[PDB]
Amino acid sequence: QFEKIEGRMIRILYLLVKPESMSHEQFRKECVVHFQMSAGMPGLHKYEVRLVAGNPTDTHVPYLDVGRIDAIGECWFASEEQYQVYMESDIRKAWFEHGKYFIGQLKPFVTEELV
């Protein structure tokens, strides 16, 4: 029941591309720092960041090319009020300063749960 209610939270999914000049070695380290910085973030229920390890190109369905994505982030917010606490937070603002250093380009998707 926890996992079910968690899954229907406000969720935003991010495609991350590293800065052109940053090494992959450094980008991975900065993703870990960015997760550590998320701990205790006002308003945030959960953050997850993962590397893109593979790009299987052999699809059954026509393949969609979106270029090289380096990591995938995701945030969960338990309510609109909590999302607002996060949006107003100085602590989030400092987290985003770290983001400007190790995220070259970003695509957010606000998702909608179907079930």
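The first residue of the shown sequence is 1; numbering continues from there.
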Mean C-alpha B-factor higher for 70-78, or for 35-43? 35-43
Identify the stretch, either 44-52 or 86-94, whose C-alpha atoms have the larger mean B-factor according to the entry. 86-94
Chain third (lowest, middle, highest) by recorded CA B-factor, residue given as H24: lowest
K100's Cα B-factor: lowest, middle or highest third of the chain? highest
State the tercile, meaning the lowest, middle or highest third, of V110 with respect to the CA B-factors recorded for its chain. lowest
